[PDB]
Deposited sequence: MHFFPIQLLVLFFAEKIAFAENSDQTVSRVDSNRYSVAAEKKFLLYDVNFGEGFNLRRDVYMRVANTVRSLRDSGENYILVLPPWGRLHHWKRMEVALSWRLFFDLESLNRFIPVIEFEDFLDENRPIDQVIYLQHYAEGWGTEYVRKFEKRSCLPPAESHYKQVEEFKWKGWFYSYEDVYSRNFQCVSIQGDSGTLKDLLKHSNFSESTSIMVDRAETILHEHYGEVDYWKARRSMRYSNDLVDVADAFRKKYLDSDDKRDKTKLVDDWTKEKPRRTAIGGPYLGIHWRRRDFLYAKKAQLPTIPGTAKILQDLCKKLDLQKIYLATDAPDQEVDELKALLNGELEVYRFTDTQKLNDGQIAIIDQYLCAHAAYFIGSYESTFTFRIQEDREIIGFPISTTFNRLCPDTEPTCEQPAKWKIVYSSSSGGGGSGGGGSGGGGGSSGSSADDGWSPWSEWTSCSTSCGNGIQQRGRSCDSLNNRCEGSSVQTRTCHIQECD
């Protein structure tokens, strides 16, 4: 008995926050399947006016090794109705002294009812990834606190037993179960980039960066399930920088360097590491990149992927990430999920952690907070130290971060909390 899980996320969320939510939902599907449910994940079209296949960005065969996945267009070809939408929203009273995992159907909080409308008894209209003719047979809001496992529980609740296809909107509401542990990393590891994108990126490395997998020692097994831990990747003879600006300048100024600050940082790293080539991934306008270059030493060369051909903006972004990921040394931007996904690529490729978890400091704070070191994992008073805080659950609006610790109750009292939670807010949506 096939069942289908569809999802969407807050309209304002970017590509790389959406990549993280995929992992949350993919782990819900994993749990569902481990418990005997034949669930298939339907991949949501990439949109903000467009409705683009996952193939353009990712290797489906890789994704399919973790859980069964289909494109949304394939799902439509089966002529199956969407039986139920579950919207997903917070508990209006907010979380308490413990972060209780729970869910409950509740009246819809905004903007739910401005985004879905009952036009016939079994016809609820909504965005549905820009597809005008798609609709749901049923609709409701559910307040939820919890994780991939909690979502599993919700989807198995008797209230939805008659549905075969269910769409969970505002999926960013859900947290990772076991953040940074095996299954989190299996989901991350399965998101191999599309071969065509990897080919284009490798052509650039060869032609401009004196870089290929052979010399860089960055060759990865074709089948991600066979990856093993290593810290022996060298990378091409270049420095990678993700330079996040645009909106970050107008919601995030105090923790970013200026143009001269950035120049200084790059010059210093290049001297320390004997590198003369820099790969720059940035969203900044040409002028700003031009002013950066003009502040650098004449010996240093700055490269960017700009011969983009017929490639769409998301493909270009992936290419920038892959190129940063293969540098001898990487430095990224504060709280950017585009940067977070690069750090994860480096973990997978097998670089030393020193070369990966680095962030550009603001001009007046050279000992600024550096990113949390969530390292790749392949295997599964007496309190441990607290873990790092997780990345914010949301890239815009209010979200959640947590940190955890453990204690052996058999040989110690182990009093007090093993989890802390706090609100985070990266920028406005």
TODO: Could you sort out which parts of the deposited sequence are absent from the coordinates (no C-alpha) and give them as ranges from 1?
DONE: 1 to 39, 88 to 94, 427 to 450, 500
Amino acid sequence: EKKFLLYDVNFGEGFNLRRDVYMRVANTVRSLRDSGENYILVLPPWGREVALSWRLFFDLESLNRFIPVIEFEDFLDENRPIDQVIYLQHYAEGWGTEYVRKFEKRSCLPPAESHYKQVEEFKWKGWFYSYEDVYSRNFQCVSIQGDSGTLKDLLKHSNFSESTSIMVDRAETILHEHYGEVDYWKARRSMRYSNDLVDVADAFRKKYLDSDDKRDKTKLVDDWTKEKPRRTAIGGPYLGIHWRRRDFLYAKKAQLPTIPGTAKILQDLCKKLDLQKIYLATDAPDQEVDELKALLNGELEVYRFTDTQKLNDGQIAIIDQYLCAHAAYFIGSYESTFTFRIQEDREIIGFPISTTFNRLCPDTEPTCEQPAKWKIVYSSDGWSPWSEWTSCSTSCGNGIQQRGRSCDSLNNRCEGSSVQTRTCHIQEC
From here on, numbers count along this sequence of modelled residues.
Task: Stretch with the greater mean C-alpha B-factor as recorded in the entry, comparing 268 to 276 against 284 to 292 - done: 268 to 276
- [ ] May I ask you to compare 399 to 407 and 359 to 367 by their mean CA B factor in the entry and name the higher one?
- [x] 359 to 367
Task: Residue with maximal Cα B-factor (values as given in the PDB entry) among 314, 261, 298, 240 - done: 298
Task: Highest-ranked of 186, 246, 176, 326 once sorted by CA temperature factor in the record - done: 246
Task: Within-chain third of residue 384 by Cα B-factor, per the entry - done: highest
Open item on the list: Taking only the Cα B-factors deposited for this chain, tell me whether residue 346 sits in the lowest, middle or highest third.
Closed with: lowest
TODO: Could you look up the Cα B-factor of residue 126 in the entry and say which third of the chain it sits in: lowest, middle or highest?
DONE: middle
Task: Chain-wide C-alpha B factor ranking for residue 16, given as lowest, middle or highest third - done: lowest
Open item on the list: Splitting the chain's C-alpha B-factors into thirds, which one does residue 419 fall into?
Closed with: middle
